[PDB]
Amino acid sequence: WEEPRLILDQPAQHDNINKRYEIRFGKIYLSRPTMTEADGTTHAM
Amino acid sequence: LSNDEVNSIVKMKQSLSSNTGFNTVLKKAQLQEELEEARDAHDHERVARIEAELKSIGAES
Amino acid sequence: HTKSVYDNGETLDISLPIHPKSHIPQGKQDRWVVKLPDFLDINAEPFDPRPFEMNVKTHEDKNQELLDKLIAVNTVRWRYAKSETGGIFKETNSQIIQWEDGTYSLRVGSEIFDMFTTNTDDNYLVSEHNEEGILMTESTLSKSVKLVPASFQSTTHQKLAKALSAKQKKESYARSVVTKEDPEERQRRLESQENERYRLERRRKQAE
Amino acid sequence: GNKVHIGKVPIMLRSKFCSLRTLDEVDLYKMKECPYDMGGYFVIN
């Protein structure tokens, strides 16, 4: 959350259309350690 | 045998598996992880069922 | 001799409307500025028991609920009291007590908060006249007064201590979750689809 | 926009997110873990 926003903007004239593309960072989800084998199966480690 | 065949046989024997100490410990650990996940989601209904299941499975010697 | 800059003499014939005062200070136009603590609140509105009872809010957060209860019970209020002779009088639940040492204390109900006075010079109170854009002085703020709980055993102090002690105990931001599959599966499958549509797009563009 | 996977953080043993925080004394033997082990270290490779 120290830097919670990535912002891109674009004044499209190609009709002035100022488009802002912004992505926000939300919660953090943690899990117990897990092992993913080569075959694809995942299990607790 | 192939890897997929080994996984299928292991799942079949797990279905046949009545009990195994290693598997019981793994199941209890998975239940504890699910319980903490339910706790973090403030689900007071699932957590009761998980606690009851953990109490039933536990009580080792 | 710093000569006066302004000598034009231009004068404004502005007349200000002034209203009579319900009270007039005697002997000194002195007032005390008092900072409002968080545990003390002012309710200038007349006390209406029915809306107050119907608007009491209950929250899951125990600390917030306790703080709201403390500030509500400690809030300075007033209400109209019907006199036994049939008249109406203004009745308040707050009083000011001066002890033998000369110190002053603000009292709400059974709660007593001491006053700490520091003398301040060149501090005055003014009345704002926004429609004319001028400021009219009112009186002088000689002393700044701080409100302090009387003792540790005071219920207000204990409630504040409980609220602040249990407020900093709750701290858990990350939420746990259970992984059922490979966390990298989405990336690889979407990369495969993107490469497939890259090949299709390249073929289409070469055929276009 | 949902739970996007950003990386894997190594887990300190016997900490709150370790699998050995639970498991009592008996199961600690079945997992081939010494009950005298105190944790406080990571396992990298």
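Where a number appears in this text, it was derived from the coordinates with a stated rule and is not lab data. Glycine also receives a Cβ, built like all others from the backbone with ideal geometry; neighbour counts cover every protein chain displayed.
Brief remarks on what is shown
- The order of C:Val56, C:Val5, going from fewest to most other C-beta atoms within 10 Å of their C-beta, is C:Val5, C:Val56.
- Spatially proximal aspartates and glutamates relative to C:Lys90 (Cα-Cα < 17 Å; intrachain offsets below 8 disregarded): C:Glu45, C:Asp48
- Chain C, relative contact order in percent, only Cα pairs under 8 angstrom and at least six apart counted: 19
- Folded to 0 to 90 degrees: helix C:185-207 orientation relative to chain C principal axis, Cα: 60
- Residues B:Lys28, A:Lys27, C:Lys21, C:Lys162, sorted so that the one with the fewest Cβ neighbours within 10 Å comes first: C:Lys21, A:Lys27, C:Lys162, B:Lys28
- Simple label model, 7 Å out from Cα along Cβ direction - C:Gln206 to C:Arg79, nm: 8.8
- Remark: relative contact order (region C:101-208) = 18 percent; criterion is Cα-Cα distance under 8 angstrom and separation of 6 or more residues.
- From phi via Karplus (6.51, -1.76, 1.60), per-residue ³J(HN,Hα) for region C:88-100 in Hz, x at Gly/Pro: 10, 9, 7, 10, 10, 9, 10, 9, 10, 10, 10, 8, 5
- For region C:41-165, size of Cβ-based charge dipole, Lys and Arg +1, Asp and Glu -1, in debye: 620
- Modelled spin-label separation between A:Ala38 and C:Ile71, with each label point placed 7 Å from Cα along the Cα-to-Cβ direction: 6.3 nm.
- Across region C:44-55, coupling constants 3J(HN,Hα) worked out from phi with the 6.51/-1.76/1.60 Karplus curve, θ = phi - 60°, read 5, 5, x, 5, 10, x, 5, x, 5, 5, 6, 10 Hz, and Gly and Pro carry x.
- For a modelled paramagnetic label at C:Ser110, 7 Å from Cα along Cα-to-Cβ, the residues of region C:61-97 in reach, with backbone nitrogen under 19 Å, are C:69-77, C:93-97.
- Exposure proxy order (Cβ contacts within 10 Å, fewest to most) of C:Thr2, C:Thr137, C:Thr120: C:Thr2, C:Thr137, C:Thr120
- Of A:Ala38, C:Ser154, D:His5, farthest towards positive along the dipole that unit charges on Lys, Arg, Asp, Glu beta carbons give the protein assembly as shown: A:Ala38
- Long pairs among C:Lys69/C:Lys143; B:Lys27/D:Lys3; B:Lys11/D:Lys3; C:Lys62/D:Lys3; B:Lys27/B:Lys55, criterion Cα-Cα beyond 20 Å: C:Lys69/C:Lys143; B:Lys27/D:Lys3; B:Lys11/D:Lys3; C:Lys62/D:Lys3
- DSSP bridge orientation in region C:36-127 - percent antiparallel, rounded to nearest 5: 90
- Across region C:28-60, the residues whose backbone nitrogen lies under 14 Å from the label position 7 Å along the beta-carbon direction of C:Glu91 are C:47-49.
- Projecting the Cα atoms of C:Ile134, C:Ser94, B:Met12 onto the charge dipole of the protein assembly as shown (Cβ charges, centred on the Cα centre) puts B:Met12 farthest toward the positive pole.
- Two-site FRET efficiency, D:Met31 against C:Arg197, from Cβ-Cβ distance with R₀ of 56 Å, rounded to 0.05: 0.75
- Computed magnitude of the charge dipole of chain B (debye, nearest 20; Cβ of K, R +1, Cβ of D, E -1): 320
- Here the 3J(HN,Hα) profile of region B:45-61, calculated from phi with Karplus coefficients 6.51, -1.76 and 1.60 at θ = phi - 60°, is 8, 5, 5, 5, 5, 5, 5, 4, 5, 5, 5, 5, 6, x, 6, 7, 10 Hz, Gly and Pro shown as x.
- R0 of 56 Å, Cβ-Cβ distance D:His5-C:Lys62: FRET efficiency to nearest 0.05: 0.95
- Assuming charge only on the beta carbon of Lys and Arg (+1) and of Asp and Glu (-1), the dipole of the protein assembly as shown about its Cα centre is about 1020 debye to the nearest 20.
- Virtual paramagnetic centre 7 Å along Cα→Cβ of D:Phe17, amide N under 18 Å, in region C:160-203: C:171-184
- Annotation: amide H-H contacts under 5 Å for C:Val76 (H modelled 1.01 Å from N, sequence separation of 5 or more, or interchain): C:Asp41, C:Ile42, C:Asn43.
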